[PDB]
Structure formats: structure tokens, C-alpha cells
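A.B. asks: please find the sequence and an experimentally derived structure below.
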Amino acid sequence: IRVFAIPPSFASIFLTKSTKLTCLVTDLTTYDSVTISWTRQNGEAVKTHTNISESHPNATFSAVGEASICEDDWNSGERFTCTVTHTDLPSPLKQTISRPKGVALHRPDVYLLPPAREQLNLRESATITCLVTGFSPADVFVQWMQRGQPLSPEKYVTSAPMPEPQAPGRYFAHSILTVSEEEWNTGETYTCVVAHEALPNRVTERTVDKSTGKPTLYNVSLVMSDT
Amino acid sequence: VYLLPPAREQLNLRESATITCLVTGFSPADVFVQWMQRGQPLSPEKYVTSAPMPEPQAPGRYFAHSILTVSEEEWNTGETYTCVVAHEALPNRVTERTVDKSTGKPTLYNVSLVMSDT
Amino acid sequence: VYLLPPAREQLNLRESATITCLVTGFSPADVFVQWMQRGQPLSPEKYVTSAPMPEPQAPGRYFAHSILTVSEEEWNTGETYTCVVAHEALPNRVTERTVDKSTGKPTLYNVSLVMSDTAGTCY
Amino acid sequence: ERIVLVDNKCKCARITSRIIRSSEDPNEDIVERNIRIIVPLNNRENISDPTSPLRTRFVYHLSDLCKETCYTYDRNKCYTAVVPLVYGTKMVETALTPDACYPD
Ligand SMILES: *[C@@H]1O[C@H](CO)[C@@H](O[C@@H]2O[C@H](CO)[C@@H](O)[C@H](O)[C@H]2NC(C)=O)[C@H](O)[C@H]1NC(C)=O
């Protein structure tokens, strides 16, 4: 019986305007009559929760507590409470979550490093490191995008925030992508996008192909007519 | 270990250079890293590695990464800055690679100026 | 309309600074021209105006001229001596053009291309 | 003292000019046309679609721009290319340069 309280990402909101907030309990016992109630800080309950979990195949039993709120309410930053009331421990545990206050806004500085030439000599796989830096608050979101088709996340892996050594407040993150070298040798640029609530239109992005990233070759051919 | 030198863009800002040391696809877990330059090491505060993550594409061969961040005003000077890796599976238990500025420098320019008035 | 500057050898006698305004290949005639100097029309006698004699090779188009002199010592302040054409067949019925010393042709370039990744910006 | 004949902030060209009023001899002066270009060798040919090749040729018909396919991100007016995001698909905006697309 361990409960994860899952606040939606700012990204999830801003791409849905649907600020569902959930809390999951993991590896408890799936009896029936499993009961969890969402309440505000006031104690007053809120809208219910449907499509709740069932018994897991590997005994890591679960139960999703769905909820909803108005976005400004979360912006207002008041504590939210889903409490587990099941006979396993009919003692009501307290899952209280909020939004921190006082965090300033700071922007991602998305560089994008290209695969090391060495890795291009093992002759199969290539790796690209989308990077974000020096930003506040936490919880950036990223995905990778190329040729106008999205890249299903099982290609890429992303870090989570963790403070800069130098910046007292600003976090950072990563992302990693693995691709066949011939695919990267094909040209075939790649674009990593980031969405984060200090970014003007909320979304910036950068790209790289073989030619942009660390080229050995500079071929300008510039013509200047009619001086 | 593949070491990657800081982005031109970051050096454009010429603000602070971050070097990323990217360990790959290995087993088992419990890798370790620390940063070495001129043979004496740097405090483990000057860099940060999250512990091993699973790798998606391959089965549970792991990866990890630490990032060394330095004054570019120094990475403009040399300071080869190598990243040491410890792993039980390693035929000598300890590997290093390194990089400096002259590691992504382009070889050749190919200028073609055709100034004219036609 | 064009405005040719004086000749270099003109600018060695050291008195006569001729200036030429002009008009080319147009229909119809009756066009009026005048020269403007800093929003100030010149002396009408100072310049001398042509009449629209017809084109040599064009079917029926017209062209005329006008010439004006000043002190060549003045051809150091310059002030580009704007010649104001005035023809009916213009979108606003005036197609002013002007020319000064700084205009024309230099014989000392120095092109200065630079080259960098730190670009795509145009500060 | 120079006279900017052209300043094209989306080609990073800047033709100035300056009469080098000589040693105080008679009017044996020569006017002087400085030029300057900062070619990027980083951008696309479709400046506003980062899915194209980079660039090789940089053609400057100065006649044309002594007065629209020009290839530097002008600092002040900013760009964007609507870009799909998936959370289900969604076809959504972007901000291809920051610090200038700030609706403020
Ligand atoms: C190539 O560039 C052209 C113009 O430089 C782009 O054309 C339009 O760009 C606007 C930008 O907001 C879009 O809203 C339009 O939908 C574009 N029109 C078309 C027909 O694409 C063009 O988008 C660029 N290429 C690509 C692939 O986007």
C-alpha cells in the first residue's frame, strides 16, 4: 500500500486545458470496496473519479484517483487532498498536494549536441543530446520531432529536473535519442521541442542534421554582384 | 564513454561551458565517474551525475551521464578535462576519454568569393 | 529621369559646375520640369529648359533636357540639387530624383565580408 | 559621418559611404563605399522551416536591395512554424526564436 499523488504537468494542462489531477496507490491489496476521496483544503469534497484501476497481473496492485479543478485555483495554490479509506488500514492516510509559491520564471536554453564522431565509428547507432538549462520552475516537458512526424517516446529518454551546481535555483534536464548512423548519415535532420511556463509562446525548439552539427567542412560559395 | 564538447551556441553566449560525459549501454549498474584534468581531480560538486537509467531500445543494459560545467573563459585555453569511468565489466575497470577545443574544429574552409559588377 | 553629375575635367577649370537632369522615352509631351534645392525651387533662369524633341529610335516617344550651373566651390557642400520632374503620367504626377558628390561612383571600395556561426541574427 | 546607403537587416548587408575629405588640397577627393556582410553559414534556405538543407550560395544583387527570400533571422520581428505535438495528435504553434516572440 503505497500511494503516488500525481499532479498534472503544466504541459499537460497547456496542451489540454483540462487540469485533471490524479493520485495512484501502488502495490496495495485490490479488494473491492476500495475507497479514496478527493477533497480541497477546506475539507469539502470535489467531483468524483471514474475508470478506477483493478488488480494488477504481478500483485503490484493499484487504484487511480481521478479529479478536476479550475486552473486558476491551482494557480492560487491551495492544498488538495485525496485520502485513502480502505479496510486494509481503515486509518485514513493523508495525501496533501499543492503548488509551491515564490518560484520565479526562467527560460530553457535548449542547445542540441550532435553525436560524437567516435560513436559514428562503431558503425551502427547514433545518439543526440537535447539539452535544457538554467530554467525555473521545475517540470519542463520535451519531445522529439522530425520530418513532420512525431517520434513515439520509446525512442527517446528524458531526464527530470535536478538543480544546477552553479545556479542556486535553476534546474536542467536532458533527452537522449538513439538512431542508426546511416539514418543520421542520410541527412535527415531532427528537431527537439520544449514546452515550459517561462517561454513566450510556451514552445521553442531547435534542430540539427549531419551538416549543422560539428561539420568538418565549411563550403561557402557566396556571390556579390554589382558593387 | 563518449565525451561531448560544449555547443557552439553556448560558447556563443560565452557564458559557461558544459561538457557532457555520456556512458552507454552497459551492465550491470553501479557505474561511477569523476572528472580529472592535469591529473588532479575536481570536487564532485563541480558536476552532477544522476545514477543509472535503463536503456529503452536495448534490454536492461544501462546508461548514465554527468555534466561538467566550466568557465568557457577557461575552456578557451586548453585544459583537456577528461572524465574517468569505473565499471566492474571493464577489462581494466577504468577507462578515460577526453576532449578539448580542438576536437570538433572543422578541418577545411571552402570559400568561393566571386565579387563582380555584372 | 536621371541626373548626371559634372565631368571630372569640368572640375579642373574650377568655376563652372554643370549639372544635368534629364527625361527619357515618354509620351506625351507638355511635361514640366524644374529643380529643387532643399525644398526650395531654384532660380528659373539659373537652369535652362529644353523642349520635348522626339526620340530617335522609339516609335513616337518624347524626351527633353535641362541644364544648370553653380559654383564648383559649391560642389563641396553638394546638397544633391534635387531636380523635380513633373509629368502627367506618374502615379502622383512627380518622379523626383537627385544626385550629389557622395552619390555617383567611388574609386575606393573596401568590401569587408565577415564569417561566423554566431549569426543568423542581423543585430 | 558615413551615409548608410542601405542597411538590410535580413541580409546583414550594410553599404555605407563617406567622402574622405582629403588633406586640404583642391577637390582631388575620392568618395568611398564601405561594405559589410555577415553571412551565417548556419541557417536554412527556407529561413522559416528548419527541415531544409543549410545553405551554400549567398547571392547579393546589390541592385535589388539598393531599393522576398532573405536569410537572417531579423532580431526584432520573430518567426514560428506550427508543429505537431502528441499527447493522445495535436497540431500546435511554436516559437522558433525566443526573446522576440514575447507577447508583452
Ligand atoms: C517555406 O517557406 C514558406 C515561406 O517562406 C512557408 O510558407 C508559409 O509559411 C507560413 C508561416 O506561418 C505558413 O503559415 C504557411 O502555411 C506556409 N505556406 C505553405 C504553402 O507552406 C513554408 O511553410 C515553408 N516551408 C514549410 C515546409 O513550412
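C.D. replies: That came through, no problem. Numbers count the residues shown, from 1 in each chain, chains lettered A, B, ... in the order given.
A.B. asks: and the gap between the residue of chain C found nearest chain D and residue A:131?
C.D. replies: At 3.6 Å from chain D, residue C:119 is the closest residue in chain C, using Cβ to the nearest Cβ. C-beta: built from backbone N, CA, C; applies to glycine. Between residue C:119 and residue A:131 the computed distance is 21 Å (Cβ to Cβ, to the nearest Å).
A.B. asks: same question for residue A:33.
C.D. replies: In terms of Cβ to Cβ, residue A:33 sits 49 Å off from residue A:131.
A.B. asks: returning to what we had before: that's a helix at the residue of chain C closest to chain D, yeah?
C.D. replies: No - assigned with DSSP: H, G, I helix; E, B strand; the rest coil, residue C:119 falls outside any helix and is coil.
A.B. asks: now do the contacts for it.
C.D. replies: Taking Cβ atoms under 8 Å, 6 or more residues apart in numbering or on different chains, we find residue C:119 in contact with D:12, D:38, D:39, D:40, D:41, D:42, D:43, D:72.
A.B. asks: for the residue positioned nearest the centre of chain A, give me phi and psi.
C.D. replies: In chain A, the centroid-proximal residue (Cα atoms, centre = their mean) is residue A:141; its distance is 3.8 Å. Backbone torsions of residue A:141, given as degrees, to the nearest 10, read phi -120, psi 150.
A.B. asks: report the contact partners of the closest residue to the ligand within chain A.
C.D. replies: Chain A approaches the ligand most closely through residue A:148 (7.8 Å), counting by Cβ to the nearest ligand atom. With contact taken as Cβ under 8 Å, 6+ apart, residue A:148 is in contact with D:51, D:84.
A.B. asks: now for the residue of chain C found nearest the ligand, how many residues are close by?
C.D. replies: Evaluated by Cβ to the nearest ligand atom, chain C has residue C:120 as its residue closest to the ligand, separated by 15.1 Å. By other Cβ atoms under 10 Å in any protein chain shown, 19 other residues sit near residue C:120.
A.B. asks: quick one on the thing from earlier: export the contacts of residue C:119 as TSV, with columns for distance to chain A, secondary structure and neighbour count.
C.D. replies: Listed next are the contacts of residue C:119 as TSV, based on distance: Cβ to the nearest Cβ, whole Å; DSSP: H, G, I helix; E, B strand; the rest coil; neighbours: other Cβ atoms under 10 Å in any protein chain shown:
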residue	distance to chain A	secondary structure	neighbour count
D:12	12	coil	23
D:38	11	strand	20
D:39	6	strand	22
D:40	10	coil	23
D:41	6	coil	20
D:42	7	coil	18
D:43	9	coil	20
D:72	13	coil	22
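A.B. asks: isn't residue A:5 up against residue A:81?
C.D. replies: No - using Cβ atoms under 8 Å, residue A:5 makes no contact with residue A:81, being 9.3 Å away.
A.B. asks: mind listing what the residue of chain C closest to the ligand touches?
C.D. replies: D:40, D:42, D:43, D:72, D:73.
A.B. asks: same list (these) but as TSV, adding distance to residue D:97.
C.D. replies: Listed next are these as TSV, based on distance: Cβ to Cβ, whole Å:
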residue	distance to residue D:97
D:40	13
D:42	13
D:43	11
D:72	11
D:73	6
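A.B. asks: can you narrow those residues to ones near chain C?
C.D. replies: Restricting these to those near chain C by Cβ under 8 Å from any Cβ of the partner chain leaves D:40, D:42, D:43, D:72, D:73.
A.B. asks: picking up where we left off before, of residue A:5 and residue A:81, give the one with the bigger neighbour count.
C.D. replies: residue A:81 (21 against 16).
A.B. asks: any common contacting residues for residue A:5 and residue A:81?
C.D. replies: Both residue A:5 and residue A:81 are contacted by A:95, A:97, under the criterion Cβ under 8 Å, 6+ apart.
A.B. asks: just to revisit the earlier point, neighbour count: residue A:33 and residue A:131, which is higher?
C.D. replies: More crowded of residue A:33 and residue A:131, by other Cβ under 10 Å: residue A:131, with 26 against 7.
A.B. asks: and that one, how far is that from residue A:109?
C.D. replies: For residue A:131, the distance to residue A:109 - Cβ to Cβ - is 8 Å.
A.B. asks: swap in residue C:20?
C.D. replies: Residue C:20 is 59 Å from residue A:109, by Cβ to Cβ.
A.B. asks: also residue A:211?
C.D. replies: Residue A:211 is 23 Å from residue A:109, by Cβ to Cβ.
A.B. asks: stretch C:16-36 near chain D anywhere?
C.D. replies: No - using Cβ under 8 Å from any Cβ, stretch C:16-36 stays clear of chain D, with a minimum separation of 10.1 Å.
A.B. asks: so for that stretch, what gets flagged as buried?
C.D. replies: C:17, C:18, C:19, C:20, C:21, C:22, C:23, C:26, C:31, C:33, C:34, C:35 (16 or more other Cβ atoms under 10 Å in any protein chain shown).
A.B. asks: residue contacts, the residue lying closest to the second one once chain neighbours are set aside?
C.D. replies: Counting by Cβ to Cβ, 6 or more residues apart in numbering or on different chains, the nearest residue to residue C:18 once its immediate chain neighbours are dropped is residue C:6, at 4.9 Å. Residue C:6 sits next to C:17, C:18, C:19, C:72, C:75 when contact means Cβ under 8 Å, 6+ apart.
A.B. asks: just residue A:210 next, same as before
C.D. replies: A:114, A:184, A:185, A:187, A:188.
A.B. asks: and it, which of the three is it?
C.D. replies: coil.
A.B. asks: for the chain, which segments count as helices?
C.D. replies: Just so you know, I chose chain A. Applying DSSP state H to chain A gives helices spanning A:10-16, A:71-76, A:181-185.
A.B. asks: that's the wrong chain, I meant chain D
C.D. replies: D:62-65.
A.B. asks: likewise for chain C?
C.D. replies: Going by DSSP H, chain C shows helices at C:10-13.
A.B. asks: run through the residues of chain A sitting next to chain C.
C.D. replies: Within chain A, the positions adjacent to chain C are A:220, A:222, A:224, A:227 by Cβ under 8 Å from any Cβ.
A.B. asks: and the buried ones among these, selectable in ChimeraX?
C.D. replies: Selection of buried members from the residues of chain A next to chain C for ChimeraX, criterion 16+ other Cβ under 10 Å:
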select /A:220,222,224
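A.B. asks: in the sheet, who's paired with residue A:45?
C.D. replies: residue A:39 (DSSP bridges).
A.B. asks: do a quick rundown of the strands in chain C.
C.D. replies: C:3-4, C:16-22, C:32-35, C:47-49, C:53-54, C:62-63, C:65-71, C:83-86, C:109-110, C:114-115 (DSSP state E).
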